[PDB]
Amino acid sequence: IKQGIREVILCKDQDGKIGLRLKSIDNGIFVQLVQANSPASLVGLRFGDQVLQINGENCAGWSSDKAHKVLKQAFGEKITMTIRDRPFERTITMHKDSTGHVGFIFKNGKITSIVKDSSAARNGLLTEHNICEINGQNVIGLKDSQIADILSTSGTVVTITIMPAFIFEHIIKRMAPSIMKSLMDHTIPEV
């Protein structure tokens, strides 16, 4: 996670789509959903990113509705956005023990207990935090079993990006969890 504001330039696809759902949080605009194989995923937008501006207009105070409208009326060719990198999230680096364990329990993507004398304890992983990413891969909406799977088939070094559950629950509010499973970009990025 960067402490950084970056510029991205987006191009609407054949269908007029960019692959993004946005949400009003604390008078800012945040990425709720990035669609697989979209302009939004290709330029590298992520769940939890803050949209500071669209085409040089400040997003401060916008409704979710107005952000979606502004995008719909954009002139196709080139949409500029100013992005602050996942500001509600932190990344924790942990190392599996020889039993392949980092040292926590989670339910519905939420960390619920840290196991004594584990890598997760030593690194101060918190409970009541949703798992957003594992090793740079979005896992939001994946079954718990697929999250376990991704942690199994990772190397011994495990990076997990987390979000306080209260913030997470505010962002995905009014997104049916099957769009989350189905349409949230879970791909490793392209180069």
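Position 1 is the first residue in the sequence shown; the rest follow in order.
Two stretches are in play, 129-137 and 148-156, and the higher mean C-alpha B-factor belongs to 148-156.
Between 79-87 and 93-101, the higher mean Cα B-factor belongs to 93-101. Ranked within its chain, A67 lands in the middle third, by CA B factor from the PDB record.
In the deposited entry, the Cα temperature factor of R122 sits in the middle third of values across the chain's modelled residues. Ranked by C-alpha B-factor against the other modelled residues of its chain, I167 falls in the lowest third. Per the deposited record, the Cα B-factor of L183 falls in the highest third when ranked against the other modelled residues of its chain.
Remark: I18 belongs to the middle third of its chain, ranked by C-alpha B-factor as recorded.
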